[PDB]
file data.tsv (TSV, C-alpha atoms and all ligand atoms)
chain	number	residue	atom	x	y	z
A	1	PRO	CA	-134.23	-38.40	83.69
A	2	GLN	CA	-136.64	-41.22	83.90
A	3	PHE	CA	-136.63	-44.19	81.54
A	4	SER	CA	-139.71	-46.27	80.75
A	5	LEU	CA	-138.62	-49.66	79.63
A	6	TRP	CA	-140.64	-49.85	76.47
A	7	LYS	CA	-137.37	-49.51	74.57
A	8	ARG	CA	-133.89	-50.50	75.80
A	9	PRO	CA	-132.39	-47.92	78.15
A	10	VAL	CA	-129.48	-46.86	75.89
A	11	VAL	CA	-127.32	-43.69	76.20
A	12	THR	CA	-124.19	-42.05	74.92
A	13	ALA	CA	-121.23	-41.94	77.30
A	14	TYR	CA	-117.64	-40.94	76.71
A	15	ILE	CA	-115.10	-43.48	78.04
A	16	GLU	CA	-111.80	-41.61	78.35
A	17	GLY	CA	-113.28	-39.24	75.65
A	18	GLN	CA	-114.34	-41.88	73.18
A	19	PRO	CA	-118.11	-41.82	72.60
A	20	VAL	CA	-120.16	-45.02	72.88
A	21	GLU	CA	-123.71	-46.41	73.21
A	22	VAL	CA	-124.35	-48.34	76.38
A	23	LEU	CA	-127.24	-50.15	77.85
A	24	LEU	CA	-127.94	-49.14	81.45
A	25	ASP	CA	-128.18	-52.62	83.05
A	26	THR	CA	-129.58	-53.17	86.60
A	27	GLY	CA	-128.93	-56.85	85.86
A	28	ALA	CA	-125.17	-56.59	85.52
A	29	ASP	CA	-122.91	-56.51	88.50
A	30	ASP	CA	-120.13	-55.35	86.20
A	31	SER	CA	-119.63	-53.01	83.14
A	32	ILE	CA	-118.25	-54.34	79.90
A	33	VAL	CA	-117.43	-52.51	76.72
A	34	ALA	CA	-116.16	-53.62	73.37
A	35	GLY	CA	-114.10	-51.96	70.65
A	36	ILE	CA	-112.30	-49.18	72.52
A	37	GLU	CA	-108.72	-49.02	73.38
A	38	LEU	CA	-108.14	-48.49	77.04
A	39	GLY	CA	-104.40	-49.13	77.24
A	40	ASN	CA	-101.88	-51.70	78.48
A	41	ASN	CA	-102.60	-51.52	82.13
A	42	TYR	CA	-105.10	-54.31	82.75
A	43	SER	CA	-105.97	-57.61	84.28
A	44	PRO	CA	-107.31	-60.61	82.74
A	45	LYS	CA	-110.67	-61.45	84.24
A	46	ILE	CA	-113.11	-64.26	83.35
A	47	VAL	CA	-116.75	-63.43	83.19
A	48	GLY	CA	-120.18	-65.11	83.08
A	49	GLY	CA	-123.49	-64.55	81.31
A	50	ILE	CA	-126.58	-66.65	80.55
A	51	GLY	CA	-124.64	-68.03	77.62
A	52	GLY	CA	-121.37	-68.80	79.24
A	53	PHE	CA	-117.95	-67.48	80.07
A	54	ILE	CA	-115.84	-64.85	78.50
A	55	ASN	CA	-112.45	-63.48	79.12
A	56	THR	CA	-112.06	-59.77	79.49
A	57	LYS	CA	-109.28	-57.19	80.07
A	58	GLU	CA	-109.94	-55.31	83.25
A	59	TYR	CA	-109.45	-51.50	83.53
A	60	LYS	CA	-109.64	-49.57	86.79
A	61	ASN	CA	-110.13	-45.90	87.56
A	62	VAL	CA	-111.56	-45.20	84.10
A	63	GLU	CA	-112.88	-41.67	83.43
A	64	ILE	CA	-116.51	-41.84	82.41
A	65	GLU	CA	-118.89	-39.10	81.40
A	66	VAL	CA	-122.51	-40.13	81.17
A	67	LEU	CA	-125.82	-38.39	81.58
A	68	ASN	CA	-124.17	-34.90	82.35
A	69	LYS	CA	-122.28	-36.69	85.07
A	70	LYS	CA	-118.60	-37.56	85.81
A	71	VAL	CA	-117.66	-40.90	87.40
A	72	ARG	CA	-114.64	-43.24	87.60
A	73	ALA	CA	-114.94	-46.92	87.71
A	74	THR	CA	-113.86	-50.36	86.56
A	75	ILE	CA	-114.50	-51.00	82.92
A	76	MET	CA	-113.92	-54.46	81.53
A	77	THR	CA	-113.21	-54.93	77.89
A	78	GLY	CA	-114.43	-57.74	75.60
A	79	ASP	CA	-116.54	-59.50	72.95
A	80	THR	CA	-119.91	-58.12	73.85
A	81	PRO	CA	-122.67	-57.57	71.31
A	82	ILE	CA	-124.09	-54.59	73.22
A	83	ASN	CA	-121.99	-52.48	75.64
A	84	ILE	CA	-123.18	-52.54	79.17
A	85	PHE	CA	-123.23	-50.26	82.15
A	86	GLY	CA	-123.76	-52.42	85.21
A	87	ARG	CA	-124.57	-51.78	88.85
A	88	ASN	CA	-121.15	-50.56	89.73
A	89	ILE	CA	-121.52	-47.51	87.47
A	90	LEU	CA	-125.29	-47.13	88.00
A	91	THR	CA	-124.72	-46.89	91.83
A	92	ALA	CA	-121.99	-44.26	91.39
A	93	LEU	CA	-124.37	-42.20	89.29
A	94	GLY	CA	-127.25	-42.27	91.70
A	95	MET	CA	-129.75	-44.17	89.46
A	96	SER	CA	-132.55	-46.23	90.92
A	97	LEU	CA	-135.26	-48.69	89.91
A	98	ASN	CA	-138.76	-47.38	90.67
A	99	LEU	CA	-142.23	-48.67	91.05
B	1	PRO	CA	-140.77	-49.33	95.95
B	2	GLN	CA	-137.39	-47.94	94.95
B	3	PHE	CA	-134.27	-50.07	94.55
B	4	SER	CA	-130.97	-48.48	95.14
B	5	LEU	CA	-128.59	-50.45	93.05
B	6	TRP	CA	-126.03	-51.34	95.67
B	7	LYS	CA	-127.09	-54.98	95.77
B	8	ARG	CA	-128.84	-57.03	93.07
B	9	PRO	CA	-132.49	-55.98	92.76
B	10	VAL	CA	-134.01	-59.37	93.61
B	11	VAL	CA	-137.48	-60.15	94.63
B	12	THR	CA	-139.99	-62.86	95.37
B	13	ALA	CA	-142.46	-63.59	92.63
B	14	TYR	CA	-145.16	-66.35	92.37
B	15	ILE	CA	-145.30	-67.91	88.98
B	16	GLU	CA	-148.50	-69.79	88.72
B	17	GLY	CA	-148.57	-70.03	92.49
B	18	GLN	CA	-144.93	-71.31	92.70
B	19	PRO	CA	-142.65	-68.85	94.60
B	20	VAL	CA	-139.42	-67.75	92.86
B	21	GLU	CA	-136.58	-65.30	93.44
B	22	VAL	CA	-136.02	-63.12	90.38
B	23	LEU	CA	-133.65	-60.47	88.98
B	24	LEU	CA	-135.27	-57.17	87.82
B	25	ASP	CA	-133.27	-56.42	84.74
B	26	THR	CA	-133.35	-53.33	82.47
B	27	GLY	CA	-130.86	-55.00	80.10
B	28	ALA	CA	-133.00	-58.11	79.55
B	29	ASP	CA	-135.44	-58.04	76.65
B	30	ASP	CA	-136.82	-61.48	77.60
B	31	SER	CA	-137.93	-63.02	80.97
B	32	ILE	CA	-136.32	-66.33	81.78
B	33	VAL	CA	-136.77	-68.77	84.69
B	34	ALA	CA	-135.33	-72.07	85.88
B	35	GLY	CA	-136.89	-74.94	87.82
B	36	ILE	CA	-140.62	-74.49	87.31
B	37	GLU	CA	-142.67	-76.79	85.26
B	38	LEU	CA	-144.90	-74.50	83.29
B	39	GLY	CA	-146.12	-77.45	81.36
B	40	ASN	CA	-146.97	-78.75	77.91
B	41	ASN	CA	-147.71	-76.13	75.42
B	42	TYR	CA	-144.71	-74.08	74.72
B	43	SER	CA	-142.67	-72.94	71.78
B	44	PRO	CA	-139.12	-74.02	71.11
B	45	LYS	CA	-136.77	-71.07	71.36
B	46	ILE	CA	-133.35	-69.74	72.27
B	47	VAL	CA	-132.11	-67.03	74.65
B	48	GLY	CA	-128.57	-65.49	74.77
B	49	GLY	CA	-126.35	-63.10	76.70
B	50	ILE	CA	-122.63	-62.87	77.31
B	51	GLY	CA	-120.70	-66.04	76.62
B	52	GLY	CA	-123.44	-67.45	74.36
B	53	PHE	CA	-126.99	-68.85	74.04
B	54	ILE	CA	-129.26	-71.52	75.50
B	55	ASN	CA	-132.37	-73.48	74.64
B	56	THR	CA	-135.65	-72.30	76.11
B	57	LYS	CA	-139.26	-73.10	76.35
B	58	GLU	CA	-141.52	-70.16	75.63
B	59	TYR	CA	-144.80	-69.94	77.44
B	60	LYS	CA	-147.39	-67.31	76.94
B	61	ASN	CA	-149.92	-65.65	79.26
B	62	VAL	CA	-148.37	-66.88	82.48
B	63	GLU	CA	-149.82	-65.55	85.72
B	64	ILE	CA	-147.35	-63.69	87.92
B	65	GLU	CA	-147.83	-61.91	91.25
B	66	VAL	CA	-144.89	-59.61	92.12
B	67	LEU	CA	-144.42	-56.32	93.88
B	68	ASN	CA	-148.13	-56.46	94.90
B	69	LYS	CA	-149.37	-56.72	91.36
B	70	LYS	CA	-150.81	-59.22	88.96
B	71	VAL	CA	-149.55	-59.50	85.40
B	72	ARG	CA	-149.76	-62.02	82.60
B	73	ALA	CA	-146.75	-62.44	80.43
B	74	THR	CA	-144.26	-64.55	78.50
B	75	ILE	CA	-141.72	-66.37	80.38
B	76	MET	CA	-139.12	-68.66	79.03
B	77	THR	CA	-137.78	-71.57	80.86
B	78	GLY	CA	-134.33	-72.88	80.53
B	79	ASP	CA	-131.17	-73.58	82.48
B	80	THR	CA	-130.35	-70.06	83.65
B	81	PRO	CA	-128.08	-69.63	86.65
B	82	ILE	CA	-130.46	-66.87	87.93
B	83	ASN	CA	-134.18	-66.15	87.15
B	84	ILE	CA	-134.64	-62.91	85.28
B	85	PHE	CA	-137.55	-60.54	84.84
B	86	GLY	CA	-136.80	-58.39	81.83
B	87	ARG	CA	-138.24	-55.25	80.39
B	88	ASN	CA	-141.35	-57.07	79.15
B	89	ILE	CA	-142.52	-57.60	82.73
B	90	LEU	CA	-141.10	-54.44	84.25
B	91	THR	CA	-142.95	-52.48	81.57
B	92	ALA	CA	-146.20	-54.19	82.72
B	93	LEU	CA	-145.68	-53.25	86.37
B	94	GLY	CA	-144.98	-49.68	85.45
B	95	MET	CA	-141.45	-49.65	86.79
B	96	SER	CA	-138.98	-47.06	85.61
B	97	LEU	CA	-135.24	-46.29	85.86
B	98	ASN	CA	-134.51	-42.89	87.34
B	99	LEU	CA	-131.93	-40.18	87.99
A	101	LIG	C1	-120.04	-61.28	86.13
A	101	LIG	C2	-120.02	-60.26	84.95
A	101	LIG	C3	-121.39	-59.74	84.54
A	101	LIG	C4	-121.23	-59.18	83.14
A	101	LIG	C5	-122.50	-58.55	82.50
A	101	LIG	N1	-122.33	-60.82	84.52
A	101	LIG	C6	-123.36	-60.93	85.36
A	101	LIG	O1	-123.47	-59.92	86.26
A	101	LIG	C7	-124.29	-62.13	85.28
A	101	LIG	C8	-125.73	-61.76	84.87
A	101	LIG	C9	-125.69	-61.17	83.47
A	101	LIG	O2	-125.13	-61.74	82.54
A	101	LIG	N2	-126.31	-60.02	83.35
A	101	LIG	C10	-126.38	-59.28	82.10
A	101	LIG	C11	-127.70	-59.55	81.40
A	101	LIG	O3	-128.61	-58.60	81.90
A	101	LIG	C12	-127.62	-59.45	79.88
A	101	LIG	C13	-127.15	-58.11	79.32
A	101	LIG	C14	-126.99	-58.15	77.83
A	101	LIG	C15	-127.81	-57.41	76.98
A	101	LIG	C16	-127.68	-57.45	75.59
A	101	LIG	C17	-126.68	-58.23	75.01
A	101	LIG	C18	-125.85	-58.97	75.85
A	101	LIG	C19	-126.01	-58.95	77.24
A	101	LIG	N3	-128.88	-59.75	79.23
A	101	LIG	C20	-129.25	-61.00	78.96
A	101	LIG	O4	-128.59	-61.98	79.26
A	101	LIG	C21	-130.51	-61.07	78.16
A	101	LIG	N4	-130.17	-60.64	76.81
A	101	LIG	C22	-130.62	-59.70	75.94
A	101	LIG	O5	-131.57	-58.93	76.20
A	101	LIG	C23	-129.92	-59.64	74.69
A	101	LIG	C24	-130.24	-58.67	73.75
A	101	LIG	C25	-129.63	-58.64	72.51
A	101	LIG	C26	-128.69	-59.62	72.20
A	101	LIG	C27	-128.07	-59.63	70.94
A	101	LIG	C28	-127.14	-60.62	70.65
A	101	LIG	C29	-126.79	-61.55	71.62
A	101	LIG	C30	-127.44	-61.55	72.84
A	101	LIG	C31	-128.38	-60.57	73.12
A	101	LIG	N5	-128.96	-60.53	74.33
A	101	LIG	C32	-131.29	-62.43	78.27
A	101	LIG	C33	-131.84	-62.67	79.66
A	101	LIG	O6	-132.41	-62.45	77.40
A	101	LIG	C34	-126.83	-62.86	85.14
A	101	LIG	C35	-126.49	-64.23	84.58
A	101	LIG	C36	-126.91	-63.00	86.65
A	101	LIG	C37	-128.15	-62.39	84.54

call {"tool": "encode", "arguments": {"input": "data.tsv", "output": "structure tokens"}}
result
Amino acid sequence: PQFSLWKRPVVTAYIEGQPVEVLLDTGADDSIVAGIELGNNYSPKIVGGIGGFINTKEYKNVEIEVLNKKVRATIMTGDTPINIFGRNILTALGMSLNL
Amino acid sequence: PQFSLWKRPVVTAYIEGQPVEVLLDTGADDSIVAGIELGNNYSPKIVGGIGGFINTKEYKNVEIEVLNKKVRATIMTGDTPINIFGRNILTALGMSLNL
């Protein structure tokens, strides 16, 4: 699957079985999701954007299913308007930017 | 060119002859750059991400040479910690996201 960027590259993934829409982001070093419960086992992390900082709850070894593919990675959780799949997940999946 | 996503997909662009290092970003709707004087006629705007928003200057029909191509597009200027080329530019170069 090849995505032209005319529209945002958005897909449906299941995080630990819960379905969500995520933006596949080659401009995010990290993945951050909002409104899903991931559990008690996390670490406070502080994160940056264009806008400014945000504090997140950091989950590791999270079961992800996206694009007919199974991965495990670090998910952070927080106040994010759109949910984002960064370069850590993208790499694990085998995606690439082409020209 | 293909960009594995292991490291940030960064490249050298010339914006009106000035060289710049930029982020190729599938999760950026707008293109935003710091430290170039693009001049006088612009339009007052805002740009936001994670953490919040910032004040920008919107210029139109800027000349850019990147990836061995020549485009003309809108670039904002503002105090971004990293220069970003969003989907508006990527779409002009004919870049795609693949798996
Ligand atoms: C360290 C943790 C990670 C967390 C993502 N942060 C980074 O890797 C830093 C990194 C970064 O923040 N990358 C993510 C960026 O790619 C984010 C992703 C995104 C999309 C949509 C909504 C929110 C956020 N995009 C952006 O910052 C661009 N934003 C948007 O396209 C965008 C779209 C819709 C929105 C709706 C409401 C509020 C904000 C909205 N922002 C901006 C350039 O125009 C730098 C500063 C280098 C670009």

call {"tool": "residues_near_ligand", "arguments": {"input": "data.tsv", "ligand": "ligand LIG 101 (chain A)", "cutoff": "7 Å", "atoms": "all atoms listed in the file", "output": "PyMOL selection string"}}
result
(chain A and resi 25+27-32+47-50+80-82+84+86) or (chain B and resi 25+27-32+47-50+81-82+84+86)

call {"tool": "calpha_fit_rmsd", "arguments": {"input": "data.tsv", "fixed": "chain A", "moving": "chain B"}}
result
0.4 Å

call {"tool": "residues_near_point", "arguments": {"input": "data.tsv", "point": "(-146.9, -47.9, 86.1)", "cutoff": "12 Å", "atoms": "all atoms listed in the file", "output": "MDAnalysis selection string"}}
result
(chainID A and resid 3:6 98:99) or (chainID B and resid 1 67 69 71 89:97)

call {"tool": "write_last_selection", "arguments": {"input": "data.tsv", "atoms": "C-alpha atoms", "output": "mmCIF file, in the frame of the given file"}}
result
data_model
loop_
_atom_site.group_PDB
_atom_site.id
_atom_site.type_symbol
_atom_site.label_atom_id
_atom_site.label_comp_id
_atom_site.auth_asym_id
_atom_site.auth_seq_id
_atom_site.Cartn_x
_atom_site.Cartn_y
_atom_site.Cartn_z
ATOM 1 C CA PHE A 3 -136.630 -44.190 81.540
ATOM 2 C CA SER A 4 -139.710 -46.270 80.750
ATOM 3 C CA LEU A 5 -138.620 -49.660 79.630
ATOM 4 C CA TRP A 6 -140.640 -49.850 76.470
ATOM 5 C CA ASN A 98 -138.760 -47.380 90.670
ATOM 6 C CA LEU A 99 -142.230 -48.670 91.050
ATOM 7 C CA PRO B 1 -140.770 -49.330 95.950
ATOM 8 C CA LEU B 67 -144.420 -56.320 93.880
ATOM 9 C CA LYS B 69 -149.370 -56.720 91.360
ATOM 10 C CA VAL B 71 -149.550 -59.500 85.400
ATOM 11 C CA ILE B 89 -142.520 -57.600 82.730
ATOM 12 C CA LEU B 90 -141.100 -54.440 84.250
ATOM 13 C CA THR B 91 -142.950 -52.480 81.570
ATOM 14 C CA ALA B 92 -146.200 -54.190 82.720
ATOM 15 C CA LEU B 93 -145.680 -53.250 86.370
ATOM 16 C CA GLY B 94 -144.980 -49.680 85.450
ATOM 17 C CA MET B 95 -141.450 -49.650 86.790
ATOM 18 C CA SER B 96 -138.980 -47.060 85.610
ATOM 19 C CA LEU B 97 -135.240 -46.290 85.860
#

call {"tool": "atom_distance", "arguments": {"input": "data.tsv", "atom1": "atom CA of residue B:41", "atom2": "atom CA of residue B:74"}}
result
12.5 Å

call {"tool": "atom_distance", "arguments": {"input": "data.tsv", "atom1": "atom CA of residue A:8", "atom2": "atom CA of residue B:8"}}
result
19.1 Å

call {"tool": "residues_around", "arguments": {"input": "data.tsv", "residues": "residue B:59", "least_positions_apart": "5", "cutoff": "10 Å", "atoms": "all atoms listed in the file", "output": "list in words"}}
result
residues 38, 39, 40, 41, 42, 43, 44, 73, 74, 75, 76 and 77 of chain B

call {"tool": "atom_distance", "arguments": {"input": "data.tsv", "atom1": "atom CA of residue A:19", "atom2": "atom CA of residue B:52"}}
result
26.2 Å

call {"tool": "residues_around", "arguments": {"input": "data.tsv", "residues": "residue B:45", "least_positions_apart": "5", "cutoff": "7 Å", "atoms": "all atoms listed in the file", "output": "PyMOL selection string"}}
result
chain B and resi 55-58

call {"tool": "closest_residue", "arguments": {"input": "data.tsv", "among": "A:85, A:10, A:53, A:17", "to": "chain B", "atoms": "only C-alpha atoms"}}
result
A:53

call {"tool": "closest_residue", "arguments": {"input": "data.tsv", "among": "B:54, B:20, B:36, B:13", "to": "chain A", "atoms": "only C-alpha atoms"}}
result
B:54

call {"tool": "axis_aligned_box", "arguments": {"input": "data.tsv", "around": "stretch 83-90 of chain A", "padding_each_side": "4 Å", "output": "lines of an AutoDock Vina configuration file"}}
result
center_x = -123.2
center_y = -49.8
center_z = 82.7
size_x = 12.1
size_y = 13.4
size_z = 22.1

call {"tool": "closest_residue", "arguments": {"input": "data.tsv", "among": "A:12, A:35, A:83, A:60", "to": "chain B", "atoms": "all atoms listed in the file"}}
result
A:83

call {"tool": "closest_residue", "arguments": {"input": "data.tsv", "among": "A:70, A:11, A:87, A:22", "to": "chain B", "atoms": "all atoms listed in the file"}}
result
A:87

call {"tool": "build_atoms", "arguments": {"input": "data.tsv", "residues": "stretch 27-51 of chain B", "atoms": "N, CA and C atoms", "output": "mmCIF file, in the coordinates of the input"}}
result
data_model
loop_
_atom_site.group_PDB
_atom_site.id
_atom_site.type_symbol
_atom_site.label_atom_id
_atom_site.label_comp_id
_atom_site.auth_asym_id
_atom_site.auth_seq_id
_atom_site.Cartn_x
_atom_site.Cartn_y
_atom_site.Cartn_z
ATOM 1 N N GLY B 27 -131.677 -54.607 81.255
ATOM 2 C CA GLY B 27 -130.860 -55.000 80.100
ATOM 3 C C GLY B 27 -131.264 -56.376 79.591
ATOM 4 N N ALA B 28 -132.446 -56.848 80.002
ATOM 5 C CA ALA B 28 -133.000 -58.110 79.550
ATOM 6 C C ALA B 28 -134.281 -57.855 78.779
ATOM 7 N N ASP B 29 -134.276 -58.207 77.490
ATOM 8 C CA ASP B 29 -135.440 -58.040 76.650
ATOM 9 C C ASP B 29 -136.459 -59.119 76.943
ATOM 10 N N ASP B 30 -135.969 -60.321 77.302
ATOM 11 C CA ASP B 30 -136.820 -61.480 77.600
ATOM 12 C C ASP B 30 -136.835 -61.810 79.106
ATOM 13 N N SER B 31 -137.835 -62.563 79.580
ATOM 14 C CA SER B 31 -137.930 -63.020 80.970
ATOM 15 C C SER B 31 -137.644 -64.518 81.034
ATOM 16 N N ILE B 32 -136.720 -64.941 81.838
ATOM 17 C CA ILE B 32 -136.320 -66.330 81.780
ATOM 18 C C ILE B 32 -136.149 -66.931 83.175
ATOM 19 N N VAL B 33 -136.693 -68.137 83.371
ATOM 20 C CA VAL B 33 -136.770 -68.770 84.690
ATOM 21 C C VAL B 33 -136.333 -70.241 84.700
ATOM 22 N N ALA B 34 -135.702 -70.669 85.789
ATOM 23 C CA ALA B 34 -135.330 -72.070 85.880
ATOM 24 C C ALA B 34 -136.095 -72.796 86.991
ATOM 25 N N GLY B 35 -136.301 -74.100 86.804
ATOM 26 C CA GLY B 35 -136.890 -74.940 87.820
ATOM 27 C C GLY B 35 -138.362 -74.824 88.114
ATOM 28 N N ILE B 36 -139.174 -74.505 87.119
ATOM 29 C CA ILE B 36 -140.620 -74.490 87.310
ATOM 30 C C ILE B 36 -141.213 -75.257 86.147
ATOM 31 N N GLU B 37 -142.156 -76.149 86.411
ATOM 32 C CA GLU B 37 -142.670 -76.790 85.260
ATOM 33 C C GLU B 37 -143.850 -75.968 84.873
ATOM 34 N N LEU B 38 -143.776 -75.311 83.717
ATOM 35 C CA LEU B 38 -144.900 -74.500 83.290
ATOM 36 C C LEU B 38 -145.774 -75.324 82.384
ATOM 37 N N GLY B 39 -145.311 -76.531 82.117
ATOM 38 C CA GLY B 39 -146.120 -77.450 81.360
ATOM 39 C C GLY B 39 -145.767 -77.610 79.899
ATOM 40 N N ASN B 40 -146.793 -78.198 79.250
ATOM 41 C CA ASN B 40 -146.970 -78.750 77.910
ATOM 42 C C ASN B 40 -146.929 -77.802 76.731
ATOM 43 N N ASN B 41 -147.827 -76.852 76.642
ATOM 44 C CA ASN B 41 -147.710 -76.130 75.420
ATOM 45 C C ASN B 41 -146.825 -74.922 75.476
ATOM 46 N N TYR B 42 -145.699 -75.100 74.781
ATOM 47 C CA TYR B 42 -144.710 -74.080 74.720
ATOM 48 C C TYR B 42 -144.210 -74.006 73.311
ATOM 49 N N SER B 43 -143.297 -73.077 73.064
ATOM 50 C CA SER B 43 -142.670 -72.940 71.780
ATOM 51 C C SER B 43 -141.174 -72.954 71.915
ATOM 52 N N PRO B 44 -140.551 -73.846 71.116
ATOM 53 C CA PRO B 44 -139.120 -74.020 71.110
ATOM 54 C C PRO B 44 -138.399 -72.727 70.720
ATOM 55 N N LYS B 45 -137.501 -72.282 71.587
ATOM 56 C CA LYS B 45 -136.770 -71.070 71.360
ATOM 57 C C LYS B 45 -135.362 -71.076 71.929
ATOM 58 N N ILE B 46 -134.698 -69.934 71.771
ATOM 59 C CA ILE B 46 -133.350 -69.740 72.270
ATOM 60 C C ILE B 46 -133.313 -68.436 73.085
ATOM 61 N N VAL B 47 -132.318 -68.302 73.939
ATOM 62 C CA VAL B 47 -132.110 -67.030 74.650
ATOM 63 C C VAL B 47 -130.590 -66.866 74.827
ATOM 64 N N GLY B 48 -130.024 -65.677 74.605
ATOM 65 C CA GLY B 48 -128.570 -65.490 74.770
ATOM 66 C C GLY B 48 -128.131 -64.274 75.590
ATOM 67 N N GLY B 49 -126.868 -64.223 75.954
ATOM 68 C CA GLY B 49 -126.350 -63.100 76.700
ATOM 69 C C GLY B 49 -124.894 -62.877 76.358
ATOM 70 N N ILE B 50 -124.066 -62.975 77.374
ATOM 71 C CA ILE B 50 -122.630 -62.870 77.310
ATOM 72 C C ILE B 50 -122.161 -64.325 77.391
ATOM 73 N N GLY B 51 -121.154 -64.683 76.606
ATOM 74 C CA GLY B 51 -120.700 -66.040 76.620
ATOM 75 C C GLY B 51 -121.436 -66.893 75.617
#
